[PDB]
There are 2 protein chains.
Amino acid sequence: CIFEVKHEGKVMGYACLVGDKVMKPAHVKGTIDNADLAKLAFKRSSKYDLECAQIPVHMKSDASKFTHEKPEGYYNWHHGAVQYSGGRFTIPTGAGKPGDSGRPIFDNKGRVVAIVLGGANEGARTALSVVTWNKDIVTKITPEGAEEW
Amino acid sequence: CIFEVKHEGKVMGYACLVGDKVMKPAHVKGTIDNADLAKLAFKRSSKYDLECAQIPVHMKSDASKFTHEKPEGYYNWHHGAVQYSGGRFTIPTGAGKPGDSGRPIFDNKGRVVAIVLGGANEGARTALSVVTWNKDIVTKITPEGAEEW
């Protein structure tokens, strides 16, 4: 379900097969490192900083079902455990660097909860700037002073 | 000797190095997935639904011979053993599917005897539609109701 966006042979962010679309943050430079995915036609959406397309039939079995459901507590991401509370995702400062955009923040059942875009350093912890689902629609939470990763 | 034709990153058919030419069915969309082969100049022939070119000197050692000599009996092909009789090649129905075109039918000494183009389902067995060599010249045998693979 997770695929990596490469730019000049360098991983910039990620792409994800959620629902029946193929997502990847709009701000991420590069092209999905997967033939089938790379040749697709994406529809950009600057409001959501999202850029979706449709999953080829032969990969649709590979999608992951997202969720608006996110109760205060700890979430999972590649570098460790993210913490959600006060309507804000945070992590120990240093555990997220430029080149981590696109990486999903899963919950314990695998549902993608948000997609990292960058983070604002506020000391001990960094408030993440993410793309998250609302009641049904996409949204973007960007803490004051975020540094786009 | 066998090379695959790709189209939008998807295998459509095959290409084969037979004799001193490089073959691939004309109807197959895409370009041979091999630098040396892809840059060649092919001569189309709509009668034979064939599209040949000449094998670069550095690959000529990689060709597969051929022969007009084909006595009734069993021949060899990737999925098993083909049967020749009554001037017709056949196989157990189900053992050949779309995407098998281009695959050669060898004999027991390795000489390519025919090249599969598609097959007509006539029950228990399917009569193959092949490109075969006559006295010296190429020919195409297409059983009634063939389904072009």
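For this entry, the PDB record names cryo-EM as the structure determination method and reports a resolution of 5 Å.

Caption draft 1: Geometry of the environment of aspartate 100 of chain B. Residues and elements named next belong to chain B. Inspection of the secondary structure puts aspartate 100 in the loop between β9 (88-92) and β10 (104-106). The exposure class of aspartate 100 is buried, given its relative accessible area of 3%. Between the C-alpha atom of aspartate 100 and that of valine 116, which follows or precedes it by 16 residues, the distance is 7.2 Å. Once residues lying within four places of it in the same chain are set aside, the contact partners of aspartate 100 are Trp77, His79, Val116 and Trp149. A distance of 2.7 Å separates the side chain of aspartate 100 from the side chain of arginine 103, its partner in a polar contact.

Caption draft 2: Seen up close, the sheet that holds strand β3 (residues 21-22) of chain A. All names here are of chain A. Read from one edge of the open sheet, three strands run β3-β6-β5, paired in antiparallel fashion. Across the chains shown, the open sheet's two edge strands, defined by having one partner strand only, are β3 and β5 (43-45). Both β3 and strand β6 (residues 50-54) contribute to a ladder of two bridges, which runs antiparallel. Counted as the bridge partner of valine 22 is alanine 53 from β6.

Caption draft 3: Focus on the UniProt feature "disulfide bond" in chain A. Residue and element names in this part refer to chain A. Of the disulfides catalogued by UniProt, the one between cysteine 1 and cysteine 16 is broken in the present coordinates, where the sulfur separation is 5.0 Å. Position of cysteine 1 relative to the elements: it lies in the segment before β1 (2-7). By the secondary structure assignment, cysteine 16 is in strand β2 (residues 10-16).

Caption draft 4: Layout of unusual backbone geometry. All names here are of chain A. Its identity is not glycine, yet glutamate 8 carries a phi of approximately 55°, on the positive side. Looking at where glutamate 8 falls in the secondary structure, it is placed in the loop between β1 and β2. By relative accessible area, which is 68% here, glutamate 8 ends up exposed. Of note, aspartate 49 is a non-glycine position whose phi angle comes to about 55°, a positive value. Structurally, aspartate 49 can be placed in the loop between β5 and β6.

Caption draft 5: Structural view of the sheet that holds strand β2 (residues 10-16) of chain B. Residue and element names in this part refer to chain B. Strand order across the open sheet formed by three strands is β2-β1-β4, with antiparallel pairing between neighbours. Of all the strands in the sheet, just β2 and β4 (31-32) have a single pairing partner and so form its edges. As judged from the two bridges shared by strand β1 (residues 2-7) and β4, these two strands associate in the antiparallel manner. Bridging across to β4, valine 5 finds its partner in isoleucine 32.

Caption draft 6: Spatial organisation of empty space enclosed by the protein. Residue and element names in this part refer to chain B. For the largest cavity, the calculated volume is near 40 Å³. Along the walls of the largest cavity sit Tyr14, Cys16, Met23, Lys24, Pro25, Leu50, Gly102, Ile115 and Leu117, which together make up its complete lining. Elements with a minimum of two residues in the lining of the largest cavity: β2 and β11 (112-121). Here the residues of the lining of the largest cavity are counted per class, giving seven nonpolar, one polar and one charged.

Caption draft 7: Main features of the side chain of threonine 67 of chain A. Along the chain, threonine 67 of chain A turns up in the loop between β6 and β7 (73-77). A polar contact of 2.7 Å, which involves the side chain of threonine 67 of chain A, links it to the backbone nitrogen of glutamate 69 of chain A.

Caption draft 8: Spotlight on the pairing of strand β11 (residues 112-121) of chain A. All names here are of chain A. Burial analysis of β11 places nine of its ten residues in the buried class, which makes it a mostly covered element. Here three bridges tie strand β10 (residues 104-106) to β11, and the two strands are oriented antiparallel to one another. The residue bridging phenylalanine 106 from the neighbouring strand is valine 112, located in β11. Counting the residues that bridge the hairpin from β10 to β11 gives five residues, and of these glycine 110 lies at a positive phi of roughly 90°. Inspection of the sheet shows β11 paired to strand β12 (residues 125-133) by seven bridges, in the antiparallel sense. The partner of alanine 120 across the bridge, within β12, is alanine 127. Count of turn residues in the β11/β12 antiparallel hairpin: three residues, of which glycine 123 carries a positive phi of about 100°. Bridging between β11 and strand β14 (residues 147-148) involves two bridges; their strand directions are antiparallel. The residue of β14 that forms the bridge with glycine 118 is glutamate 148.

Procedures and definitions
- Residues numbered from 1 in each chain as written, not as in the entry; some residues may be left out.
- Chains lettered and ligands numbered in written order.
- Part of a larger assembly, values for the part shown.
- Heavy atoms only, no water.
- Helix = DSSP H or I, 4+ residues; strand = E, 2+ residues; numbered from the N terminus.
- Buried < 20%, exposed > 50% of the residue type's maximum accessible area, 1.4 Å probe, protein only.
- Contact = heavy atoms within 4.5 Å.
- Polar contact = N/O pair within 3.5 Å; in protein donor to acceptor, adjacent residues only side chain to side chain.
- Pairing = 2+ DSSP bridges.
- Disulfide = S-S within 2.5 Å.
- UniProt positions renumbered as here; feature names shortened; annotations may be inferred.
- 1 Å grid on protein atoms, 1.4 Å probe; cavity = no way out; pocket = protein on both sides within 12 Å on 5 of 7 lines; lining within 4 Å.
- Points joined across faces, edges and corners; volume = space filled by probe spheres on them.
- Nonpolar A, V, L, I, M, F, W, Y, C, P; charged D, E, K, R; others polar.

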